[PDB]
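Peer 1: A single structure is presented below for examination.
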Amino acid sequence: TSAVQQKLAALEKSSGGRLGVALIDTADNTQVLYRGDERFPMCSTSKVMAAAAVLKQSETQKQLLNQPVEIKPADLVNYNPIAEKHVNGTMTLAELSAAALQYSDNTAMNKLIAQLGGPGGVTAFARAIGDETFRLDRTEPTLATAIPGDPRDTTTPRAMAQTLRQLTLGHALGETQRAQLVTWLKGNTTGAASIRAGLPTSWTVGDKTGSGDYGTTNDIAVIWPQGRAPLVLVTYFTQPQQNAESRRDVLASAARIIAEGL
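Structure below.
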């Protein structure tokens, strides 16, 4: 048990919940894992796979991001901060992807899932890029029920870190697509209290957060320190009480521990 793992375990013990961490240090290809093969509910971190899948479609359908998609009243779900602005109108697939990734818009995620043929089409893209662990089973909002022990809509911290690496640093997408995905993740508006809050302020970050029932609080990030090779960090957290409060501080603290542990 490494020093870093002792500090993560102590964090977890202080928190009352269950913590999952994976780091990939791309310089050494070194990894640090904490509960690294346990399943965790993904909640909105799954939007990264869905958006990536659509980007993969756009490598042959070249104007696909420009395609208008009607937003109907009946499309609206539980959390639609961008899409309620465009009801009885349209949004493009790039707009929908941005809304999903940068504001965690759930109606936008559902449009991405639809474009891929259902939750199975998202899982199909994960299997196509090598990830045998991720599984998306539901649409929003039910994918975030985060019920303890439920395998639906889960991944592991190990798998998700490998996937995020392959998507943002490793050629799973076309270079136009990848740089889109990076732009989007760097532009996330919902991550300031999560991984970003635990990292040196000179480091550039792209991230996607997630949140659900059972106080589920997640973040996945690609990290570029100035001076050294980038890192991928995945932090998942979930709690025993169905109505538990969010704990983005845990994710920040987990990130600080990994950053100080390099």
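In the entry's author numbering, the protein residues as written are 27 to 288. C-beta atoms are modelled at their ideal positions from N, C-alpha and C, and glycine is treated no differently.
#1: Check whether the region 86-105 touches the region 130-142, taking contact to mean three or more Cβ pairs, one atom from each stretch, closer than 8 Å.
#2: How about residue 246 and residue 260: do their beta carbons lie closer than 8 Å?
#3: Run the CB neighbour count on residue 112, radius 10 Å, all protein chains shown included, and call it buried at 16 or more, exposed below.
#4: Just reading off the alpha helix (DSSP H) that residue 170 is part of, what are its end residues?
#5: Quick one: measure Cβ to Cβ for residue 180 and residue 67, integer angstroms, because I've assumed they're closer than 8 Å.
#6: Measure the C-alpha to C-alpha separation of residue 72 and residue 288 and round it to an integer number of angstroms.
#7: Is DSSP giving residue 50 helix, strand or coil here?
#8: If you reduce the DSSP assignment to three classes, tell me which class residue 123 lands in.
#9: Under 8 Å between the Cβ atoms of residue 170 and residue 239?
#10: May I have the straight-line CA-CA distance separating residue 227 from residue 252, to the nearest angstrom?
#11: Starting from the C-beta of residue 195, find all residues in its chain whose C-beta is less than 8 Å away, skip the five residues before and the five after it, and write them out in chain order.
#12: Is residue 139 near the ligand FAD, in the sense that its beta carbon is under 7 Å from a heavy atom of that ligand?
#13: Are the Cβ atoms of residue 232 and residue 211 separated by less than 8 Å?
#14: Keeping to the same chain, check which residues put their C-beta closer than 7 Å to that of residue 206; ignore five residues upstream and five downstream.
#15: How would you call residue 215, buried or exposed, if buried means at least 16 neighbouring beta carbons within 10 angstroms?
#16: Buried or exposed, going by whether 16 or more other CB atoms sit within 10 Å of the CB of residue 38?
#17: Looking at the strands, I want to know which residues DSSP matches up with residue 115.
#18: Might you give, ordered along the chain, the residues of its own chain that have their beta carbon closer than 6 Å to the beta carbon of residue 70, omitting 5 neighbours on each side?
Peer 2: Inspection of the coordinates gives the following:
#1: yes
#2: Numbered from 1 along the sequence shown, position 220 holds the residue referred to as residue 246. Numbered from 1 along the sequence shown, position 234 holds the residue referred to as residue 260. It is a contact, given that the beta carbons lie within the stated cut-off.
#3: Counting from one through the sequence shown, the residue named residue 112 turns up at place 86. Under this definition residue 112 is a buried residue.
#4: Numbered from its first residue, the sequence shown carries residue 170 at position 144. Where residue 170 is concerned, there is no enclosing alpha helix (DSSP H), given that its DSSP letter is neither H nor E.
#5: For the purposes of this step, residue 180 is taken as the residue at position 154 of the sequence shown. For the purposes of this step, residue 67 is taken as the residue at position 41 of the sequence shown. Yes, they are in contact, since the Cβ atoms of residue 180 and residue 67 sit about 6 Å apart, within 8 Å.
#6: In the sequence shown, residue 72 corresponds to position 46, counting from 1. In the sequence shown, residue 288 corresponds to position 262, counting from 1. Approximately 27 Å between the Cα atoms of the pair.
#7: Sequence index remark: in the sequence shown, residue 50 carries index 24 (1-based). Residue state, collapsed to three classes: strand.
#8: Start at 1 with the first residue of the sequence shown, and residue 123 comes out as number 97. Residue state, collapsed to three classes: helix.
#9: Reading the sequence shown from its first residue, position 144 is the one you call residue 170. Reading the sequence shown from its first residue, position 213 is the one you call residue 239. The answer is yes: Cβ separation under 8 Å.
#10: As a working mapping, residue 227 is identified with position 201 in the sequence shown. As a working mapping, residue 252 is identified with position 226 in the sequence shown. Cα to Cα, residue 227 sits roughly 10 Å from residue 252.
#11: To locate residue 195, count along the sequence shown from 1; it is residue 169. These residues qualify, in order along the chain: 52, 248, 256, 258.
#12: With respect to the ligand FAD, the structure offers nothing, as it holds no ligand at all.
#13: Along the sequence shown, read from residue 1 onward, the residue named residue 232 stands at position 206. Along the sequence shown, read from residue 1 onward, the residue named residue 211 stands at position 185. Their beta carbons are under 8 Å apart, which means residue 232 touches residue 211 by this criterion.
#14: Locating residue 206 in the sequence shown gives position 180, counting from the first residue. Hits under 7 Å: 81.
#15: Translated into the one-based positions of the sequence shown, residue 215 becomes position 189. Exposed, because fewer than 16 other Cβ atoms sit within 10 Å of the Cβ of residue 215.
#16: Numbered from its first residue, the sequence shown carries residue 38 at position 12. Counting Cβ neighbours within 10 Å, residue 38 comes out buried, since at least 16 surround it.
#17: As a first step, residue 115 must be located in the sequence shown, where it is residue number 89. Residue 115 is bridged to 97.
#18: Residue numbering aside, residue 70 sits at position 44 when the sequence shown is read from its first letter. So the list reads 130, 236, once near-sequence residues are dropped.
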